[PDB]
C-alpha cells in the first residue's frame, strides 16, 4: 500500500475556484478593453491576460486563508458549489481595471515572454497554484 500525499484542497474545489476567478478577471478585462483594446498591441493584451493568472497565483495563499475561514464556519459538509460561489465572488469583486490602468499608464505591462504564453495556453483548471 503505497502512500498517497493528500491534496491540501480537493481538486474539484480548487478547479472551481480557479475557473471562476480567472473567468471573472478575464470578463472585466474584456470590458476594459472596449476602450483600451485599440490602444494596445496584441502582445500587450495577451500580457494582461497573463497578469490575471499571475495575480490569482500570488494572491492564492491569501485567498485560501479567506476561503477556509468561511468554509470552516459552515455547519455542514462543504460541496463544490460553495467554492464555485466563493470563486465567482472573488472573480467579480476584484476590480482589476484599476490595475490595468496602472500598468498601462506607468508603462509596466509585462513584456510578453514564453512562460506567460505557456500560462495563458493552459486551461484555467490547470493553472498552477501553490499551497505550502
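Each form is matched to the other, and the largest set of C-alpha atoms that superpose within 1.5 Å is called the rigid core. Residue numbers count along the first chain shown, from 1.
Student: May I ask which stretch, 70-78 or 49-57, sits farther from the shown form in 7 other deposited structures of this protein once every structure is superposed on the core, judging by RMS CA distance?
Tutor: Higher average C-alpha offset in 7 other deposited structures of this protein goes to 70-78.
Student: Between 22-30 and 101-109, which one strays more from this form in 7 other deposited structures of this protein if you match the rigid core and compare Cα atoms?
Tutor: The stretch that sits farther from the shown form in 7 other deposited structures of this protein is 101-109.
Student: With reference to the PDB entry, specify whether the mean Cα temperature factor is higher for 1-9 or for 122-130.
Tutor: Per the deposited B-factors, the answer is 1-9.
Student: On average, are the C-alpha B-factors higher in 41-49 or in 64-72?
Tutor: According to the entry, 64-72 carries the higher average C-alpha B-factor.
Student: Considering only 90, 103, 56, 33, which residue's Cα atom bears the greatest B-factor as recorded?
Tutor: Of the candidates given, the C-alpha B-factor peaks at 103.
Student: Lowest, middle or highest third: where is residue 25 by C-alpha B factor in its chain?
Tutor: According to the entry, residue 25 has a C-alpha B-factor in the chain's lowest third.
Student: Taking the chain's C-alpha temperature factors as the reference, tell me which third residue 96 falls into: lowest, middle or highest.
Tutor: It belongs to the lowest third of the chain when residues are ordered by C-alpha B-factor.
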